[PDB]
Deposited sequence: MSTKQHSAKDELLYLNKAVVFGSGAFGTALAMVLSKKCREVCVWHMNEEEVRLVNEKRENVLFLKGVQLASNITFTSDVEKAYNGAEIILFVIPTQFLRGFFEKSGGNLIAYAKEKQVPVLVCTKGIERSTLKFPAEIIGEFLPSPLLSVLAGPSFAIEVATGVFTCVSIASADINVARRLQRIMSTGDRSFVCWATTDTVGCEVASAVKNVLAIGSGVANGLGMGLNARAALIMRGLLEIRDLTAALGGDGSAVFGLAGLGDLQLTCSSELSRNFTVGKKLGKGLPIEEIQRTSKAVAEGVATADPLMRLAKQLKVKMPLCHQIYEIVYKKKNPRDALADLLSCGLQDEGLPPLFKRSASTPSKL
């Protein structure tokens, strides 16, 4: 059924740019939308100026969006729950404040949409997997795709995929998240692993994109990094048991090419400074997702015996003061090779 679903209430845990942007999306499909933010003082401010001046300045929030520091009131009555809490705080949130939330979600069978991205350092697990330790899979879906927050928040045409092991679960969330004016369109897929992998790895690759630019390279190089980088996402996805159908879709190449072409992003800028010879210490003044993700990514890759040429070199440049130019030469020391892509048709 391509018929949309409207709800009475939606709750979004995570007040970042993406989370706020998604709250704007939901304000067009849900009579009420609550956005949980821990700092009460800042919550009042946001509700007063009707604008998330903290992480989405310049965008006026719909009048039916209300920020709150009260976890209980936040999810109370919600018919869909979105998690956009940073990876490092995810587990702690559930242990310290998710008790009743979890019970409610299970009791009322409320759909949960995972929008958090990254890799937990202690377990090398992805967001949806972490959340899966507290909530059952039947209620878990992941949202991923080329979706700059500003564009999503202001209703500029955007496409994303919704992933769930059970495609029917994804299709229902697809009916909830897709907007009436077709400005936010969702596509269903089963590849939850591919989505989480791509969402994490793209940030590391984006730093490599920055490096290439700071190294004097142009757009041909960026296109090659994206194409060869996507294969690393594919290989890691396979090793993690993912079906891989999201790799060459919106969450995979779609989001990857977008993220690697965002020259003003912190991942890019950090990479550019690294390509220009600046030491990481000096650059650190700004925590780019790519920097934080590179270590656990490398450890997970090693643990699974997955070779990730680009990501490995990016880790060396960022963590082992490796000279960008030398890293590049090492990458190319492999010699002439075949593109390494299987045929699609026999």
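> Where the model has no C-alpha, note the corresponding stretch of the deposited sequence, numbering from 1.
In the chain as deposited, 1 to 8, 294 to 296, 358 to 366 carry no coordinates.
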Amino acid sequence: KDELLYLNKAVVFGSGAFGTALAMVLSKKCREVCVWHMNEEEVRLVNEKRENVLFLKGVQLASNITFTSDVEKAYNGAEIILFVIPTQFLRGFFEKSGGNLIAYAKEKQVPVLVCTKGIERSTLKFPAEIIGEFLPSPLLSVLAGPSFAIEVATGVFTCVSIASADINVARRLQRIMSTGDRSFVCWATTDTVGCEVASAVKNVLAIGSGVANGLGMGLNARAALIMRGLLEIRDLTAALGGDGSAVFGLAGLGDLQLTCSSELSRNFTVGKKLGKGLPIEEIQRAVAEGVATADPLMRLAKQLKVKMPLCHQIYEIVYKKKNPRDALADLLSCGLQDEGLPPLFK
From here on, numbers count along this sequence of modelled residues.
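Between two forms, the rigid core is defined as the largest C-alpha subset superposing within 1.5 Å.
> Please indicate which stretch deviates more in 6 other deposited structures of this protein: 210 to 218 or 73 to 81, judged by C-alpha RMS distance after a core superposition?
Once the cores are fitted, 210 to 218 deviates more in 6 other deposited structures of this protein.
> Is the larger C-alpha RMS shift in 6 other deposited structures of this protein, relative to this form with the rigid core superposed, found in 257 to 265 or in 162 to 170?
When 257 to 265 and 162 to 170 are compared in 6 other deposited structures of this protein, the bigger C-alpha shift is seen for 257 to 265.
> Pick between 122 to 130 and 193 to 201: the one whose mean CA B-factor in the entry is higher.
On average, C-alpha B-factors are higher across 122 to 130.
> Using only C-alpha atoms and the B-factors in the entry, which stretch averages higher, 37 to 45 or 22 to 30?
Higher mean C-alpha B-factor: 37 to 45.
> Can you pull the Cα B-factors for 243, 107, 166, 79 from the entry and say which is highest?
That would be 107.
> Looking at 117, 182, 228, 96, which one carries the largest C-alpha B-factor according to the PDB entry?
Checking the PDB record, the top C-alpha B-factor among 117, 182, 228, 96 is at 96.
> Residue 158's Cα B-factor: lowest, middle or highest third of the chain?
It falls in the bottom third of the chain.
> Sorting by Cα B-factor within the chain, modelled residues only, which third would residue 298 end up in: lowest, middle or highest?
Lowest third of the chain for residue 298's C-alpha B-factor.
> Using the temperature factors of the C-alpha atoms in this entry, rank residue 234 within its chain: lowest, middle or highest third.
For residue 234, whose C-alpha B-factor we compare with every modelled residue in the chain, the answer is the lowest third.
> Name the third of the chain's ranked CA B-factors that contains residue 138, choosing lowest, middle or highest.
As the PDB entry reports it, the C-alpha B-factor of residue 138 lands in the highest third of its chain.
> Grab the CA temperature factor for residue 263 from the record and place it in the lowest, middle or highest third of its chain.
Tercile = highest for this residue's CA B-factor.
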